[PDB]
file my_file.cif (mmCIF, C-alpha atoms)
data_entry
#
loop_
_atom_site.group_PDB
_atom_site.id
_atom_site.type_symbol
_atom_site.label_atom_id
_atom_site.label_comp_id
_atom_site.auth_asym_id
_atom_site.auth_seq_id
_atom_site.Cartn_x
_atom_site.Cartn_y
_atom_site.Cartn_z
ATOM 1 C CA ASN A 360 82.285 69.287 102.860
ATOM 2 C CA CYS A 361 82.466 66.560 100.153
ATOM 3 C CA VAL A 362 80.996 63.974 97.750
ATOM 4 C CA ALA A 363 81.236 60.303 98.785
ATOM 5 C CA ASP A 364 81.008 57.609 96.080
ATOM 6 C CA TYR A 365 80.761 54.709 98.530
ATOM 7 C CA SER A 366 81.068 52.180 95.671
ATOM 8 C CA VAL A 367 84.849 52.956 95.893
ATOM 9 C CA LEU A 368 84.814 51.269 99.346
ATOM 10 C CA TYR A 369 81.961 48.745 98.790
ATOM 11 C CA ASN A 370 83.500 47.113 95.656
ATOM 12 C CA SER A 371 86.970 46.845 97.390
ATOM 13 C CA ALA A 372 88.216 43.241 97.871
ATOM 14 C CA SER A 373 90.551 44.328 100.774
ATOM 15 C CA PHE A 374 87.804 44.278 103.459
ATOM 16 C CA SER A 375 87.307 41.208 105.692
ATOM 17 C CA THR A 376 83.854 42.731 106.465
ATOM 18 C CA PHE A 377 81.467 45.528 105.349
ATOM 19 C CA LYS A 378 78.942 45.660 108.267
ATOM 20 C CA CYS A 379 76.033 48.150 108.205
ATOM 21 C CA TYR A 380 73.662 48.957 111.130
ATOM 22 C CA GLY A 381 71.303 51.805 110.034
ATOM 23 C CA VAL A 382 71.486 51.459 106.206
ATOM 24 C CA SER A 383 72.094 48.904 103.430
ATOM 25 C CA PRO A 384 75.403 49.793 101.750
ATOM 26 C CA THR A 385 74.404 50.633 98.115
ATOM 27 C CA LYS A 386 72.143 53.419 99.548
ATOM 28 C CA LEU A 387 75.279 55.266 100.790
ATOM 29 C CA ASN A 388 75.606 56.505 97.153
ATOM 30 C CA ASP A 389 72.026 58.021 97.298
ATOM 31 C CA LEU A 390 71.841 59.454 100.870
ATOM 32 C CA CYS A 391 73.195 62.766 102.218
ATOM 33 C CA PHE A 392 74.669 63.148 105.760
ATOM 34 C CA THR A 393 75.139 66.255 107.984
ATOM 35 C CA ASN A 394 78.462 64.762 109.178
ATOM 36 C CA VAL A 395 80.319 61.430 109.102
ATOM 37 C CA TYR A 396 82.723 60.447 111.920
ATOM 38 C CA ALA A 397 85.406 57.792 111.330
ATOM 39 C CA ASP A 398 86.548 56.157 114.576
ATOM 40 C CA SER A 399 89.820 54.340 113.614
ATOM 41 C CA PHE A 400 91.898 51.614 115.336
ATOM 42 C CA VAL A 401 93.778 48.205 115.275
ATOM 43 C CA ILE A 402 92.538 45.094 117.119
ATOM 44 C CA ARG A 403 93.032 41.288 117.414
ATOM 45 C CA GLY A 404 90.839 39.074 115.135
ATOM 46 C CA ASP A 405 88.926 37.153 117.904
ATOM 47 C CA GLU A 406 87.425 40.502 119.181
ATOM 48 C CA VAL A 407 86.537 42.158 115.780
ATOM 49 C CA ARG A 408 83.053 40.649 116.555
ATOM 50 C CA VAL B 952 32.937 68.369 116.602
ATOM 51 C CA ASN B 953 35.531 68.324 119.413
ATOM 52 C CA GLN B 954 35.304 64.513 119.768
ATOM 53 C CA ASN B 955 35.715 64.014 116.004
ATOM 54 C CA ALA B 956 38.565 66.562 115.828
ATOM 55 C CA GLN B 957 40.390 64.939 118.805
ATOM 56 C CA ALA B 958 39.829 61.554 117.071
ATOM 57 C CA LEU B 959 41.215 62.738 113.691
ATOM 58 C CA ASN B 960 44.102 64.767 115.169
ATOM 59 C CA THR B 961 45.275 61.739 117.202
ATOM 60 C CA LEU B 962 44.918 59.449 114.150
ATOM 61 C CA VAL B 963 47.122 61.896 112.163
ATOM 62 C CA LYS B 964 49.742 62.394 114.914
ATOM 63 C CA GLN B 965 50.156 58.579 115.163
ATOM 64 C CA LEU B 966 51.523 58.529 111.569
ATOM 65 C CA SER B 967 54.605 60.261 113.082
ATOM 66 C CA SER B 968 55.067 57.610 115.870
ATOM 67 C CA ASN B 969 57.871 55.018 115.477
ATOM 68 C CA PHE B 970 56.291 51.754 116.733
ATOM 69 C CA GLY B 971 60.011 50.688 116.980
ATOM 70 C CA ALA B 972 60.938 51.365 113.301
ATOM 71 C CA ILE B 973 64.170 53.280 112.357
ATOM 72 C CA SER B 974 61.940 56.142 111.061
ATOM 73 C CA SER B 975 58.254 57.083 111.338
ATOM 74 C CA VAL B 976 58.417 58.224 107.657
ATOM 75 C CA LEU B 977 58.212 55.297 105.243
ATOM 76 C CA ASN B 978 60.371 56.963 102.523
ATOM 77 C CA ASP B 979 63.262 57.083 105.051
ATOM 78 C CA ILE B 980 63.058 53.277 105.546
ATOM 79 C CA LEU B 981 62.864 52.800 101.752
ATOM 80 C CA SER B 982 65.792 55.178 100.977
ATOM 81 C CA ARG B 983 68.142 53.903 103.691
ATOM 82 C CA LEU B 984 67.594 50.107 103.293
ATOM 83 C CA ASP B 985 67.364 47.161 100.839
ATOM 84 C CA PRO B 986 64.082 45.086 100.751
ATOM 85 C CA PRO B 987 65.377 42.178 102.994
ATOM 86 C CA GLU B 988 66.012 44.751 105.784
ATOM 87 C CA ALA B 989 63.036 47.003 104.842
ATOM 88 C CA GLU B 990 60.351 44.270 105.405
ATOM 89 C CA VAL B 991 61.488 43.926 109.089
ATOM 90 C CA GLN B 992 61.158 47.732 109.546
ATOM 91 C CA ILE B 993 57.980 48.441 107.484
ATOM 92 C CA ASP B 994 56.072 45.613 109.261
ATOM 93 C CA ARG B 995 56.578 47.578 112.488
ATOM 94 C CA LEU B 996 54.849 50.626 110.971
ATOM 95 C CA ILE B 997 52.091 48.438 109.422
ATOM 96 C CA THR B 998 51.453 46.545 112.707
ATOM 97 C CA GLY B 999 51.339 49.909 114.545
ATOM 98 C CA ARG B 1000 49.402 52.013 112.025
ATOM 99 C CA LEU B 1001 46.837 49.237 111.558
ATOM 100 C CA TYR C 508 93.096 43.752 111.768
ATOM 101 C CA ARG C 509 92.552 47.456 110.954
ATOM 102 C CA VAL C 510 88.993 48.632 111.748
ATOM 103 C CA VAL C 511 87.171 51.874 110.874
ATOM 104 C CA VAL C 512 83.669 52.748 112.151
ATOM 105 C CA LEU C 513 81.774 55.278 109.986
ATOM 106 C CA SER C 514 79.216 56.906 112.346
ATOM 107 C CA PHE C 515 76.514 58.950 110.509
ATOM 108 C CA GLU C 516 74.686 62.146 111.527
ATOM 109 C CA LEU C 517 71.335 61.924 109.634
ATOM 110 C CA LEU C 518 69.255 64.873 108.228
ATOM 111 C CA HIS C 519 68.064 66.455 111.493
ATOM 112 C CA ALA C 520 69.731 69.636 110.132
ATOM 113 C CA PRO C 521 71.406 71.094 106.906
ATOM 114 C CA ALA C 522 73.164 68.247 105.012
ATOM 115 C CA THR C 523 76.726 68.233 103.553
ATOM 116 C CA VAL C 524 78.325 64.781 102.823
ATOM 117 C CA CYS C 525 76.538 63.796 99.650
ATOM 118 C CA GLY C 526 76.254 60.771 97.452
ATOM 119 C CA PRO C 527 77.567 61.182 93.816
ATOM 120 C CA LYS C 528 74.138 62.202 92.397
ATOM 121 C CA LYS C 529 73.993 64.381 89.248
ATOM 122 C CA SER C 530 71.454 66.971 90.435
ATOM 123 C CA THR C 531 68.896 68.539 88.047
ATOM 124 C CA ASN C 532 66.870 71.560 87.049
ATOM 125 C CA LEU C 533 63.720 72.081 89.226
ATOM 126 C CA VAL C 534 60.087 71.874 87.971
ATOM 127 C CA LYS C 535 57.258 73.931 89.596
ATOM 128 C CA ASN C 536 53.432 73.722 89.633
ATOM 129 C CA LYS C 537 53.495 70.072 88.266
ATOM 130 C CA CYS C 538 53.323 66.578 89.882
ATOM 131 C CA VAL C 539 56.927 65.275 90.265
ATOM 132 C CA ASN C 540 59.171 62.931 92.188
ATOM 133 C CA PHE C 541 61.678 64.760 94.345
ATOM 134 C CA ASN C 542 64.940 64.121 96.145
ATOM 135 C CA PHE C 543 66.288 67.128 98.104
ATOM 136 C CA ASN C 544 69.474 66.134 100.042
ATOM 137 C CA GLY C 545 68.123 62.491 100.256
ATOM 138 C CA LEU C 546 64.676 63.700 101.557
ATOM 139 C CA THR C 547 62.650 61.798 98.917
ATOM 140 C CA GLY C 548 58.945 61.812 98.043
ATOM 141 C CA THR C 549 56.325 62.713 95.403
ATOM 142 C CA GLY C 550 54.461 66.067 95.186
ATOM 143 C CA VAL C 551 53.713 69.450 93.564
ATOM 144 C CA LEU C 552 56.386 72.106 94.222
ATOM 145 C CA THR C 553 55.533 75.857 94.341
ATOM 146 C CA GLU C 554 56.873 79.156 95.665
ATOM 147 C CA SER C 555 55.965 79.498 99.359
ATOM 148 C CA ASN C 556 54.841 82.563 101.317
#
call {"tool": "encode", "arguments": {"input": "my_file.cif", "output": "structure tokens"}}
result
Amino acid sequence: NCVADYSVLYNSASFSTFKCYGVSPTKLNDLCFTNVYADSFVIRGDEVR
Amino acid sequence: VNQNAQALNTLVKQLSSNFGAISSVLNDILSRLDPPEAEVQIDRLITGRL
Amino acid sequence: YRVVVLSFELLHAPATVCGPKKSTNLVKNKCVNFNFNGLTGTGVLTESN
């Protein structure tokens, strides 16, 4: 139920990575999704791969 | 007529087959990806369609 | 390291989470580009039956 300007995330210098697996990230501002689901967690650095 | 119609209808249905691309519609590959990632995906559809 | 995984549900069904696109008036009976909910193409749009 919202509008997602992804550039707010994609231009952020905080991220150690911005990995994409079914899109290229600028297109997130053009697409439309039925839902998004954010799985969220904290993990050691040598297993973030 | 039946042999031609079975030959055309199969040729048309194969446009909707993936060949291992992320979509069988080209405008989905173009809208969801940048060109460096698109040329890996479109070549699947070209290799298949051809 | 904090991690978030944004899983997407593509347009199999009525879309909701949109990109920040300023939508437009709609042409009919003329050749046009279209983008409905990210479903892009080129065509002539008319009333159905």
call {"tool": "atom_distance", "arguments": {"input": "my_file.cif", "atom1": "CA of residue 389 in chain A", "atom2": "CA of residue 983 in chain B"}}
result
8.5 Å
call {"tool": "closest_atom_pairs", "arguments": {"input": "my_file.cif", "of": "chain B", "to": "chain C", "cutoff": "9 Å", "atoms": "only C-alpha atoms", "output": "CSV"}}
result
residue,atom,partner,partner_atom,distance
B:978,CA,C:547,CA,6.4
B:979,CA,C:546,CA,7.6
B:982,CA,C:547,CA,7.6
call {"tool": "write_last_selection", "arguments": {"input": "my_file.cif", "atoms": "C-alpha atoms", "output": "short mmCIF file (atom, residue, chain, number, x, y, z; two decimals), in the coordinates of the input"}}
result
data_model
loop_
_atom_site.label_atom_id
_atom_site.label_comp_id
_atom_site.auth_asym_id
_atom_site.auth_seq_id
_atom_site.Cartn_x
_atom_site.Cartn_y
_atom_site.Cartn_z
CA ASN B 978 60.37 56.96 102.52
CA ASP B 979 63.26 57.08 105.05
CA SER B 982 65.79 55.18 100.98
#
call {"tool": "interface_residues", "arguments": {"input": "my_file.cif", "of": "chain B", "to": "chain A", "cutoff": "12 Å", "atoms": "all atoms listed in the file", "output": "list in words"}}
result
residues 972, 973, 974, 978, 979, 980, 981, 982, 983, 984, 985, 986, 987, 988, 989 and 992 of chain B
call {"tool": "write_last_selection", "arguments": {"input": "my_file.cif", "atoms": "C-alpha atoms", "output": "CSV table (one decimal), in the coordinates of the input"}}
result
chain,number,residue,atom,x,y,z
B,972,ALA,CA,60.9,51.4,113.3
B,973,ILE,CA,64.2,53.3,112.4
B,974,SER,CA,61.9,56.1,111.1
B,978,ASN,CA,60.4,57.0,102.5
B,979,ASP,CA,63.3,57.1,105.1
B,980,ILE,CA,63.1,53.3,105.5
B,981,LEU,CA,62.9,52.8,101.8
B,982,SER,CA,65.8,55.2,101.0
B,983,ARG,CA,68.1,53.9,103.7
B,984,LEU,CA,67.6,50.1,103.3
B,985,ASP,CA,67.4,47.2,100.8
B,986,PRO,CA,64.1,45.1,100.8
B,987,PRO,CA,65.4,42.2,103.0
B,988,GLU,CA,66.0,44.8,105.8
B,989,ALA,CA,63.0,47.0,104.8
B,992,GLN,CA,61.2,47.7,109.5
call {"tool": "interface_residues", "arguments": {"input": "my_file.cif", "of": "chain C", "to": "chain A", "cutoff": "6 Å", "atoms": "only C-alpha atoms", "output": "NGL selection string"}}
result
:C and (508-517 or 522-527 or 544-545)
call {"tool": "atom_distance", "arguments": {"input": "my_file.cif", "atom1": "CA of residue 528 in chain C", "atom2": "CA of residue 555 in chain C"}}
result
26.0 Å
call {"tool": "atom_distance", "arguments": {"input": "my_file.cif", "atom1": "CA of residue 531 in chain C", "atom2": "CA of residue 549 in chain C"}}
result
15.7 Å
call {"tool": "resolve_selection", "arguments": {"input": "my_file.cif", "expression": "the PyMOL selection byres ((chain B and resi 971) around 12)", "output": "PyMOL selection string"}}
result
chain B and resi 967-970+972-975+991-1000
